[PDB]
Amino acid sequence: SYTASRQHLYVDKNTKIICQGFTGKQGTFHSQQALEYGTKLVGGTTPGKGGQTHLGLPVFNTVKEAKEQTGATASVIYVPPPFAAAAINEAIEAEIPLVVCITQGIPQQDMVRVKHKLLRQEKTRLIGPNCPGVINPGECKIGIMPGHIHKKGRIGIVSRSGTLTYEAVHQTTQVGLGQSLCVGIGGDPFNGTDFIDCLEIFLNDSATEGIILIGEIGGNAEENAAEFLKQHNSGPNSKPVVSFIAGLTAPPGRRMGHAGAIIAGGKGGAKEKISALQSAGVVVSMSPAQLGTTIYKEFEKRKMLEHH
């Protein structure tokens, strides 16, 4: 089933990336940035511009041709909303192992159709849409997150937010713990990867010794993750989990920026997510400024620091 593709989330120094929407404004800017970070960006697609060159790299008309000529195992999508679902489906049909869709604004109905296809295959793992991407610090960065604030380390981070994730990254770098893998699953209600998908990877990754889960109002993924942690993060070799849930002060029935951040029909509030996670052993940081210090203290309790 589609869950078999979870391992594709763990990008590494061998991941080769093509950019869908390569020649556009943001595809160009973040491709330039990726090449400076040393990212193995090997080409990109723009329909009708195959055979051209861009940033010294080949441009292709299709994902299929780009993949055959470059050997790419991942794609990142900077395609405008009207066409981005088609871009995702193209990558799925081409069996790209990992697809990261940055695009914000895809119609929800488009994404329901995309998920229909996604869930009936397992060659391709989708992160997003409306997300910042994934980063294995020092090995592979796919997306728009600032690489310089990350430091390879032992906290796995999964988040529905963009810049709020960088706050958690900054704090865990500052306290000296660093990050094993950071996954921005994005702010849309219908997407390709949830918290559980990443938690499974984190719990089975020896380099991941603790976890930060960043969530917010809307949906039930945080509550689902709490149940998963009750069942699978309870035996010996459990891992400390810290969380922050945005939107304690959010009014009901309003979209709080992200398409998926809304309290509807009395469901989706932050308080209930905080209590669910607490009941699963998660240390919920009430303040977003204290994610690093909270997880550090959990390492201290378990004598997981070098001075022990």
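Quick note: we count residues from 1 along the sequence shown, nothing fancier.
> Can you let me know which of the two, 225 to 233 or 80 to 88, has the higher average C-alpha B-factor in the entry?
Taking the mean B-factor of the alpha carbons in each, 225 to 233 is higher.
> Give the stretch, out of 234 to 242 and 99 to 107, with the larger mean C-alpha temperature factor in the deposited entry.
It is 234 to 242.
> From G156, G192, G147, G218, which pick has the Cα B-factor that tops the rest in the entry?
Among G156, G192, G147, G218, the PDB entry lists the largest C-alpha B-factor for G147.
> If you rank the chain by CA B-factor, which third does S31 end up in: lowest, middle or highest?
For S31, whose C-alpha B-factor we compare with every modelled residue in the chain, the answer is the highest third.
> By the record's CA B-factor, is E139 among the lowest, middle or highest third of residues in the chain?
Tercile = highest for this residue's CA B-factor.
> Just say lowest, middle or highest third for the CA B-factor of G71 relative to the other modelled residues in its chain.
Its C-alpha B-factor belongs to the highest third of this chain's values.
> Mind checking which third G210 falls in for C-alpha B-factor across the chain?
According to the entry, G210 has a C-alpha B-factor in the chain's lowest third.
> Relative to the other modelled residues in the chain, which third contains the C-alpha temperature factor of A261: lowest, middle or highest?
Middle third.
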